[PDB]
Structure formats: C-alpha cells, structure tokens
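start28.pdb follows (PDB, C-alpha atoms (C1' of nucleotides)):
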```
ATOM      1  CA  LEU A   1      32.178 -82.512  -0.342
ATOM      2  CA  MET A   2      32.612 -84.370   2.939
ATOM      3  CA  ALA A   3      30.839 -87.370   1.369
ATOM      4  CA  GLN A   4      31.540 -89.512  -1.671
ATOM      5  CA  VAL A   5      28.769 -90.172  -4.173
ATOM      6  CA  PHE A   6      27.792 -93.417  -5.888
ATOM      7  CA  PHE A   7      28.126 -92.661  -9.573
ATOM      8  CA  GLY A   8      27.460 -94.392 -12.876
ATOM      9  CA  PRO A   9      25.380 -94.819 -16.028
ATOM     10  CA  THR A  10      21.975 -96.495 -15.819
ATOM     11  CA  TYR A  11      19.448 -97.201 -18.574
ATOM     12  CA  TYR A  12      16.437 -94.882 -18.238
ATOM     13  CA  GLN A  13      13.222 -94.761 -20.253
ATOM     14  CA  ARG A  14      10.660 -92.005 -20.728
ATOM     15  CA  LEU A  15       6.915 -92.578 -20.404
ATOM     16  CA  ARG A  16       3.891 -91.040 -22.108
ATOM     17  CA  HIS A  17       2.618 -88.784 -19.290
ATOM     18  CA  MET A  18       3.307 -85.120 -20.062
ATOM     19  CA  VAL A  19       2.185 -82.029 -18.158
ATOM     20  CA  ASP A  20       1.423 -80.368 -21.502
ATOM     21  CA  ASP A  21      -1.370 -82.929 -21.871
ATOM     22  CA  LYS A  22      -2.911 -82.512 -18.394
ATOM     23  CA  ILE A  23      -3.003 -78.814 -17.472
ATOM     24  CA  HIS A  24      -6.487 -77.321 -17.607
ATOM     25  CA  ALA A  25      -8.542 -74.352 -16.416
ATOM     26  CA  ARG A  26     -11.875 -72.670 -17.118
ATOM     27  CA  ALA A  27     -13.483 -69.264 -16.669
ATOM     28  CA  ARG A  28     -16.876 -69.338 -18.412
ATOM     29  CA  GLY A  29     -17.127 -71.793 -21.276
ATOM     30  CA  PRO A  30     -20.152 -73.634 -22.627
ATOM     31  CA  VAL A  31     -22.855 -75.523 -20.745
ATOM     32  CA  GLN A  32     -25.113 -78.477 -21.447
ATOM     33  CA  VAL A  33     -28.759 -78.380 -22.492
ATOM     34  CA  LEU A  34     -30.533 -80.653 -20.018
ATOM     35  CA  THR A  35     -29.333 -79.042 -16.769
ATOM     36  CA  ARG A  36     -27.362 -75.961 -17.942
ATOM     37  CA  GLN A  37     -24.358 -77.025 -15.844
ATOM     38  CA  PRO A  38     -20.695 -77.240 -16.916
ATOM     39  CA  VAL A  39     -19.838 -80.127 -19.226
ATOM     40  CA  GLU A  40     -17.636 -83.200 -18.771
ATOM     41  CA  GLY A  41     -14.337 -83.005 -20.622
ATOM     42  CA  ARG A  42     -10.960 -81.371 -21.196
ATOM     43  CA  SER A  43     -10.953 -80.812 -24.961
ATOM     44  CA  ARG A  44     -14.226 -78.878 -24.480
ATOM     45  CA  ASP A  45     -13.323 -76.287 -21.811
ATOM     46  CA  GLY A  46     -14.969 -78.510 -19.219
ATOM     47  CA  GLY A  47     -15.364 -78.050 -15.486
ATOM     48  CA  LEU A  48     -14.087 -80.067 -12.549
ATOM     49  CA  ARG A  49     -16.306 -81.987 -10.145
TER      50      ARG A  49
ATOM     51  CA  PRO B   1     -42.889 -79.502 -20.905
ATOM     52  CA  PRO B   2     -40.076 -80.313 -23.352
ATOM     53  CA  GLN B   3     -37.561 -78.589 -21.092
ATOM     54  CA  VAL B   4     -37.660 -82.013 -19.431
ATOM     55  CA  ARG B   5     -37.623 -83.970 -22.740
ATOM     56  CA  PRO B   6     -34.985 -82.452 -25.036
ATOM     57  CA  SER B   7     -34.443 -83.538 -28.622
ATOM     58  CA  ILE B   8     -30.827 -84.067 -29.669
ATOM     59  CA  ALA B   9     -29.516 -83.155 -33.118
ATOM     60  CA  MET B  10     -27.475 -86.087 -34.409
ATOM     61  CA  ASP B  11     -25.469 -85.470 -37.611
ATOM     62  CA  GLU B  12     -27.027 -81.978 -37.779
ATOM     63  CA  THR B  13     -29.410 -83.266 -40.483
ATOM     64  CA  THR B  14     -30.881 -86.029 -38.281
ATOM     65  CA  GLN B  15     -32.568 -85.740 -34.883
ATOM     66  CA  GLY B  16     -34.047 -88.447 -32.688
ATOM     67  CA  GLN B  17     -36.426 -88.105 -29.748
ATOM     68  CA  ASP B  18     -35.827 -88.644 -26.047
ATOM     69  CA  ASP B  19     -37.549 -91.744 -24.704
ATOM     70  CA  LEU B  20     -40.490 -90.031 -23.006
ATOM     71  CA  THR B  21     -41.669 -88.602 -26.334
ATOM     72  CA  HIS B  22     -41.936 -92.018 -27.995
ATOM     73  CA  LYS B  23     -43.442 -93.519 -24.842
ATOM     74  CA  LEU B  24     -46.127 -90.837 -24.502
ATOM     75  CA  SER B  25     -46.819 -91.323 -28.217
ATOM     76  CA  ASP B  26     -47.245 -95.068 -27.673
ATOM     77  CA  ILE B  27     -49.559 -94.504 -24.698
ATOM     78  CA  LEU B  28     -51.671 -92.200 -26.866
ATOM     79  CA  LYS B  29     -51.722 -94.798 -29.650
ATOM     80  CA  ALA B  30     -52.972 -97.341 -27.114
ATOM     81  CA  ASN B  31     -55.596 -94.802 -26.011
ATOM     82  CA  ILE B  32     -56.998 -94.359 -29.527
ATOM     83  CA  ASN B  33     -56.948 -98.161 -29.733
ATOM     84  CA  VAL B  34     -58.880 -98.606 -26.469
ATOM     85  CA  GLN B  35     -61.565 -96.174 -27.649
ATOM     86  CA  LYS B  36     -62.807 -97.975 -30.797
ATOM     87  CA  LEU B  37     -63.221-101.564 -29.511
ATOM     88  CA  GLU B  38     -65.634-100.761 -26.680
ATOM     89  CA  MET B  39     -67.563 -98.332 -28.919
ATOM     90  CA  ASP B  40     -68.757-100.945 -31.450
ATOM     91  CA  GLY B  41     -67.740-104.532 -32.259
ATOM     92  CA  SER B  42     -66.464-106.065 -29.024
ATOM     93  CA  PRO B  43     -65.355-109.734 -28.828
ATOM     94  CA  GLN B  44     -64.894-109.235 -25.056
ATOM     95  CA  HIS B  45     -61.492-110.949 -24.985
ATOM     96  CA  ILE B  46     -60.217-108.163 -27.255
ATOM     97  CA  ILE B  47     -61.196-105.369 -24.852
ATOM     98  CA  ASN B  48     -59.474-106.482 -21.643
TER      99      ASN B  48
ATOM    100  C1'   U C   1     -20.349 -53.725 -29.861
ATOM    101  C1'   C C   2     -21.015 -57.566 -29.058
ATOM    102  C1'   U C   3     -21.140 -62.290 -29.699
ATOM    103  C1'   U C   4     -19.725 -67.647 -31.968
ATOM    104  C1'   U C   5     -20.922 -74.067 -32.477
ATOM    105  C1'   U C   6     -18.194 -79.348 -29.416
ATOM    106  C1'   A C   7     -24.299 -84.859 -30.302
ATOM    107  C1'   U C   8     -25.890 -89.826 -28.081
ATOM    108  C1'   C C   9     -25.622 -94.493 -25.987
ATOM    109  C1'   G C  10     -22.408 -98.259 -24.971
ATOM    110  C1'   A C  11     -17.845-100.861 -24.671
ATOM    111  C1'   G C  12     -12.861-101.228 -23.604
ATOM    112  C1'   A C  13      -7.474 -99.601 -22.510
ATOM    113  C1'   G C  14      -5.303 -96.568 -18.670
ATOM    114  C1'   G C  15      -3.258 -92.816 -14.304
ATOM    115  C1'   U C  16      -3.120 -91.771  -8.634
TER     116        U C  16
END
```
Could I get this structure in the form of structure tokens?
Amino acid sequence: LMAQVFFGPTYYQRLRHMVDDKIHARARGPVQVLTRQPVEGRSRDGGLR
Amino acid sequence: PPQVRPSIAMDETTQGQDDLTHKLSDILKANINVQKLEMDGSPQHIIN
RNA sequence: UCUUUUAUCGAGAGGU
C-alpha cells in the first residue's frame, strides 16, 4: 500500500446492546379490548407507532 | 354501554370494575338516599 | 379446517 498504517493493541470492551434483542416485526397479532387497536410491546407481537 | 366500561380479569379468578361502574353505583346509592329523607322524616338540614 | 390466551395502575433504570 502507498500508505503506512498506525497499528497496535488497544483495550476494547463489549456492551449489552445486541441486534438479536431489538429486531421485531408483525403481520396480524393480537389486539386490545378497549379500542381494538394493536398493543404496546415487543414480547407480545406488538405494533409500532 | 359496557363497550365503554370494560371489566378486566386480574389473576383470572379475580376481576375488578372500571371506575365508571363504581361511580354510577355510588350515584345510584345517593339517589336511593335522596328519596327517603324528603318522603317522611325530614330535619331540613339533612335534606340539602 | 380452522383456530388458540399475554391483566392493571404506578414508579424507577436506560438507548438515539
């Protein structure tokens, strides 16, 4: 390469935000009772606002 | 109609009532109370 | 030939 690269070991740490805990989608799940609209939640096949 | 006042089921074997049910019930209690006093014994300052 | 259930109110800790 026509350019040199700064190189060395650094101390990295890994957080608690994972894509496997955020992906979500819905087709036709449950509804509420008061307004018969989609519900609020992710662990309940909820809908987005 | 109770489509507006739904009753939740709590621990499946317990169920409370939405506020408007208890409030209508209290208004009706106060109605049956207001009847009697001005139909017989009336100390005036118990009616108003 | 299907279908198939997730309380409620409130409080807090968080992510852009």
Exercise. Please, which residues of chain A lie no more than 12 Å from chain C when the count uses only C-alpha atoms (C1' of nucleotides), and can they be set out as a list in words?
Worked result: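 For chain A, the answer reads residues 15, 16, 17, 18, 22, 29, 30, 31, 32, 33, 39, 40, 41, 42, 43, 44, 45 and 46 of chain A.
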Near chain C, 12 Å: chain B residue rows, closest pairs, all atoms listed in the file, as JSON lines:
```
{"residue": "B:7", "atom": "CA", "partner": "C:7", "partner_atom": "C1'", "distance": 10.4}
{"residue": "B:8", "atom": "CA", "partner": "C:7", "partner_atom": "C1'", "distance": 6.6}
{"residue": "B:9", "atom": "CA", "partner": "C:7", "partner_atom": "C1'", "distance": 6.2}
{"residue": "B:10", "atom": "CA", "partner": "C:7", "partner_atom": "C1'", "distance": 5.3}
{"residue": "B:11", "atom": "CA", "partner": "C:7", "partner_atom": "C1'", "distance": 7.4}
{"residue": "B:12", "atom": "CA", "partner": "C:7", "partner_atom": "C1'", "distance": 8.5}
{"residue": "B:13", "atom": "CA", "partner": "C:7", "partner_atom": "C1'", "distance": 11.5}
{"residue": "B:14", "atom": "CA", "partner": "C:7", "partner_atom": "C1'", "distance": 10.4}
{"residue": "B:15", "atom": "CA", "partner": "C:7", "partner_atom": "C1'", "distance": 9.5}
{"residue": "B:16", "atom": "CA", "partner": "C:8", "partner_atom": "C1'", "distance": 9.5}
{"residue": "B:17", "atom": "CA", "partner": "C:8", "partner_atom": "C1'", "distance": 10.8}
{"residue": "B:18", "atom": "CA", "partner": "C:8", "partner_atom": "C1'", "distance": 10.2}
```
For this session: Kindly provide, as number ranges by chain, the residues of chain B having any atom no farther than 9 Å from an atom of chain A, counting all atoms listed in the file.
Result: B: 3-6
Problem set entry | Surrounding residues of region 25-35 of chain B excluding itself and chain neighbours under 4 positions, 8 Å, all atoms listed in the file, as a ChimeraX atom specification | /B:21,39,47
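Between CA of residue 38 (chain A) and CA of residue 20 (chain B) the interatomic distance comes to 24.3 Å.
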Exercise. Between CA of residue 47 (chain A) and CA of residue 19 (chain A), what is the distance, to one decimal in Å?
Worked result: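 Atom-to-atom, CA of residue 47 (chain A) to CA of residue 19 (chain A), that is 18.2 Å.
Note that CA of residue 42 (chain B) and CA of residue 22 (chain B) are 28.3 Å apart.
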